[PDB]
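**Student:** Before I ask anything, here is the structure I am working with.
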Amino acid sequence: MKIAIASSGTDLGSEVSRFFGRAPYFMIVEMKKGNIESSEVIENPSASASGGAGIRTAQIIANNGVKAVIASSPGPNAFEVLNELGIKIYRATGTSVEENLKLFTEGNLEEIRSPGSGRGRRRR
């Protein structure tokens, strides 16, 4: 279970920045026993040059094991793929990264998912 805070700046000034679209600063938080065991931050490579990018960084967020993605992208665009992926989507109403961390440990924020193995209806 890894919690990833979109934007979140790089220190303690960018409180969630604003929205999640091309934020070249996705903070990664590998929580283990309710105690952040690793707090790092990865910046985007060329968010202002490649063709059709920004929300494409999501594919990479899933390759990092980020089972949690708290962001505030404007529209179901990002939440659309994160859903077809199978990861836990999260919404960032707006508050701060420091508080967001302890906020995920209490399941305060909201999350959305999309299971594909429900209602067992086998033919036989």
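Each chain in the structure tokens gets a letter, A, B and so on, in the order shown; residues start at 1 in every chain, and ligands are counted from 1 in the order they appear.
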DSSP says strand (DSSP E) for which residues of chain A? Put them as a count of residues only?
**Tutor:** 28
**Student:** For region 60-65 of chain A, list every protein, DNA or RNA residue within 9 Å, evaluated using only C-alpha atoms, and leave out those in the same chain fewer than 4 positions away; present the list as an MDAnalysis selection string.
**Tutor:** chainID A and resid 1:2 4 26 28 56 69 82 85 87
**Student:** Measure the distance from CA of residue 45 (chain A) to CA of residue 57 (chain A) in Å and round it to one decimal.
**Tutor:**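 If I compute the distance from CA of residue 45 (chain A) to CA of residue 57 (chain A), I get 9.8 Å.
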**Student:** Report, in Å to a single decimal, how far apart CA of residue 43 (chain A) and CA of residue 84 (chain A) are.
**Tutor:** 24.4 Å
**Student:** With only C-alpha atoms as the counted atoms, please give the residues lying no more than 12 Å from residue 103 (chain A), apart from itself and same-chain residues fewer than 5 positions off, as number ranges by chain.
**Tutor:** A: 3, 5, 34, 70, 90-98, 108-110
**Student:** Residues of the last selection are to be written out with N, CA and C atoms, as an mmCIF file, in the first residue's frame.
**Tutor:**
```
data_model
loop_
_atom_site.group_PDB
_atom_site.id
_atom_site.type_symbol
_atom_site.label_atom_id
_atom_site.label_comp_id
_atom_site.auth_asym_id
_atom_site.auth_seq_id
_atom_site.Cartn_x
_atom_site.Cartn_y
_atom_site.Cartn_z
ATOM 1 N N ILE A 3 1.153 5.333 -0.689
ATOM 2 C CA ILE A 3 0.326 6.552 -0.909
ATOM 3 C C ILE A 3 1.121 7.570 -1.726
ATOM 4 N N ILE A 5 1.173 11.444 -3.196
ATOM 5 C CA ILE A 5 0.489 12.767 -3.152
ATOM 6 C C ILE A 5 0.830 13.561 -4.414
ATOM 7 N N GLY A 34 1.682 1.941 9.273
ATOM 8 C CA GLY A 34 1.136 3.254 9.721
ATOM 9 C C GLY A 34 2.292 4.217 10.003
ATOM 10 N N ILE A 70 -3.660 10.137 -4.461
ATOM 11 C CA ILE A 70 -4.521 11.265 -4.008
ATOM 12 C C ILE A 70 -4.256 12.488 -4.888
ATOM 13 N N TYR A 90 -7.928 8.570 -5.188
ATOM 14 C CA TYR A 90 -8.222 9.399 -3.986
ATOM 15 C C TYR A 90 -8.475 10.845 -4.409
ATOM 16 N N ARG A 91 -9.318 11.541 -3.696
ATOM 17 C CA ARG A 91 -9.611 12.956 -4.058
ATOM 18 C C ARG A 91 -8.934 13.894 -3.057
ATOM 19 N N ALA A 92 -8.386 14.983 -3.524
ATOM 20 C CA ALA A 92 -7.710 15.934 -2.597
ATOM 21 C C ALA A 92 -8.532 17.222 -2.490
ATOM 22 N N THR A 93 -9.470 17.267 -1.585
ATOM 23 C CA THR A 93 -10.298 18.498 -1.435
ATOM 24 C C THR A 93 -9.380 19.718 -1.342
ATOM 25 N N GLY A 94 -8.289 19.598 -0.636
ATOM 26 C CA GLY A 94 -7.353 20.748 -0.506
ATOM 27 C C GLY A 94 -7.051 20.996 0.973
ATOM 28 N N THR A 95 -5.819 20.837 1.371
ATOM 29 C CA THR A 95 -5.464 21.064 2.801
ATOM 30 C C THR A 95 -3.946 21.198 2.934
ATOM 31 N N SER A 96 -3.227 20.136 2.692
ATOM 32 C CA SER A 96 -1.743 20.197 2.804
ATOM 33 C C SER A 96 -1.168 18.785 2.674
ATOM 34 N N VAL A 97 0.075 18.674 2.296
ATOM 35 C CA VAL A 97 0.691 17.327 2.146
ATOM 36 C C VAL A 97 0.975 16.734 3.529
ATOM 37 N N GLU A 98 1.580 17.497 4.397
ATOM 38 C CA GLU A 98 1.890 16.977 5.759
ATOM 39 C C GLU A 98 0.631 16.369 6.382
ATOM 40 N N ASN A 108 -9.476 9.165 6.094
ATOM 41 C CA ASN A 108 -10.377 10.350 6.132
ATOM 42 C C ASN A 108 -10.732 10.769 4.704
ATOM 43 N N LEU A 109 -9.748 10.943 3.866
ATOM 44 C CA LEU A 109 -10.031 11.353 2.463
ATOM 45 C C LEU A 109 -10.982 10.344 1.818
ATOM 46 N N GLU A 110 -11.386 10.588 0.602
ATOM 47 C CA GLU A 110 -12.313 9.641 -0.079
ATOM 48 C C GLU A 110 -11.565 8.912 -1.197
#
```
**Student:** Where does DSSP see helix (DSSP H, G or I) in chain A, if you list the residues as a compact mmCIF listing (two decimals) with N, CA, C and O atoms, in the first residue's frame?
**Tutor:**
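Output below, filename part-v2.txt:
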```
# COMPACT_ATOMS: atom_id res chain seq x y z
N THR A 57 1.43 10.46 -17.06
CA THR A 57 2.32 10.08 -15.93
C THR A 57 1.64 9.01 -15.08
O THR A 57 2.28 8.25 -14.38
N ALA A 58 0.34 8.94 -15.13
CA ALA A 58 -0.39 7.93 -14.32
C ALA A 58 0.17 6.53 -14.61
O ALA A 58 0.50 5.79 -13.71
N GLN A 59 0.29 6.18 -15.86
CA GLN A 59 0.83 4.84 -16.21
C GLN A 59 2.09 4.56 -15.38
O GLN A 59 2.30 3.46 -14.90
N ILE A 60 2.93 5.54 -15.22
CA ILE A 60 4.18 5.33 -14.43
C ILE A 60 3.83 5.20 -12.94
O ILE A 60 4.40 4.40 -12.23
N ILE A 61 2.91 5.99 -12.47
CA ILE A 61 2.53 5.92 -11.03
C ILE A 61 2.10 4.48 -10.69
O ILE A 61 2.31 4.01 -9.59
N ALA A 62 1.51 3.79 -11.63
CA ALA A 62 1.07 2.39 -11.35
C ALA A 62 2.29 1.47 -11.39
O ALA A 62 2.34 0.47 -10.71
N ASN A 63 3.26 1.79 -12.20
CA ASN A 63 4.47 0.92 -12.28
C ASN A 63 5.31 1.08 -11.01
O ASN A 63 6.19 0.29 -10.74
N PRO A 76 -13.00 13.54 -14.71
CA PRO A 76 -12.85 12.09 -14.50
C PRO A 76 -11.80 11.51 -15.45
O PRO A 76 -11.62 10.31 -15.54
N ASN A 77 -11.10 12.35 -16.17
CA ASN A 77 -10.07 11.85 -17.11
C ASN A 77 -9.08 10.96 -16.37
O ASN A 77 -8.99 9.77 -16.61
N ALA A 78 -8.33 11.52 -15.46
CA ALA A 78 -7.34 10.71 -14.70
C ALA A 78 -8.06 9.59 -13.94
O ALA A 78 -7.71 8.43 -14.04
N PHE A 79 -9.07 9.93 -13.18
CA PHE A 79 -9.81 8.89 -12.42
C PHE A 79 -10.36 7.84 -13.38
O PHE A 79 -10.75 6.76 -12.97
N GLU A 80 -10.41 8.14 -14.64
CA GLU A 80 -10.93 7.15 -15.62
C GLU A 80 -9.91 6.02 -15.80
O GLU A 80 -10.24 4.86 -15.71
N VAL A 81 -8.68 6.37 -16.06
CA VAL A 81 -7.64 5.32 -16.23
C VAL A 81 -7.34 4.67 -14.88
O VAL A 81 -7.40 3.47 -14.73
N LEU A 82 -7.03 5.46 -13.89
CA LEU A 82 -6.73 4.88 -12.55
C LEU A 82 -7.80 3.84 -12.20
O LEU A 82 -7.54 2.88 -11.50
N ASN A 83 -8.99 4.02 -12.70
CA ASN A 83 -10.08 3.04 -12.41
C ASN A 83 -9.88 1.79 -13.27
O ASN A 83 -9.94 0.68 -12.78
N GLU A 84 -9.65 1.96 -14.54
CA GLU A 84 -9.44 0.78 -15.43
C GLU A 84 -8.13 0.09 -15.07
O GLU A 84 -7.83 -0.98 -15.55
N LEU A 85 -7.34 0.69 -14.22
CA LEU A 85 -6.05 0.07 -13.83
C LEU A 85 -6.28 -0.89 -12.66
O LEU A 85 -5.83 -2.02 -12.67
N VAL A 97 0.07 18.67 2.30
CA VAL A 97 0.69 17.33 2.15
C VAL A 97 0.98 16.73 3.53
O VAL A 97 0.65 15.60 3.81
N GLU A 98 1.58 17.50 4.40
CA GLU A 98 1.89 16.98 5.76
C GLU A 98 0.63 16.37 6.38
O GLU A 98 0.65 15.26 6.88
N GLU A 99 -0.46 17.09 6.37
CA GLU A 99 -1.71 16.55 6.97
C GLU A 99 -2.26 15.41 6.10
O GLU A 99 -2.82 14.45 6.59
N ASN A 100 -2.12 15.52 4.81
CA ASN A 100 -2.64 14.44 3.91
C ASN A 100 -2.04 13.10 4.31
O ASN A 100 -2.70 12.08 4.30
N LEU A 101 -0.78 13.08 4.66
CA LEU A 101 -0.14 11.80 5.06
C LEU A 101 -0.90 11.18 6.23
O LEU A 101 -1.45 10.10 6.13
N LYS A 102 -0.93 11.85 7.35
CA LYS A 102 -1.66 11.30 8.53
C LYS A 102 -3.15 11.16 8.20
O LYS A 102 -3.89 10.49 8.89
N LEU A 103 -3.59 11.79 7.14
CA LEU A 103 -5.03 11.69 6.77
C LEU A 103 -5.31 10.34 6.10
O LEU A 103 -6.38 9.78 6.24
N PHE A 104 -4.36 9.82 5.37
CA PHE A 104 -4.58 8.51 4.70
C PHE A 104 -4.52 7.38 5.73
O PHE A 104 -5.08 6.32 5.53
N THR A 105 -3.84 7.59 6.82
CA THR A 105 -3.75 6.53 7.86
C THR A 105 -5.10 6.39 8.57
O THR A 105 -5.41 5.36 9.14
```
**Student:** Can you pull out every residue within 9 Å of region 48-55 of chain A, counting only C-alpha atoms, but drop anything in the same chain fewer than 4 positions away, and send it as a list in words?
**Tutor:**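 Those residues are residues 20, 21, 22, 23, 24, 44, 59, 73, 77 and 78 of chain A.
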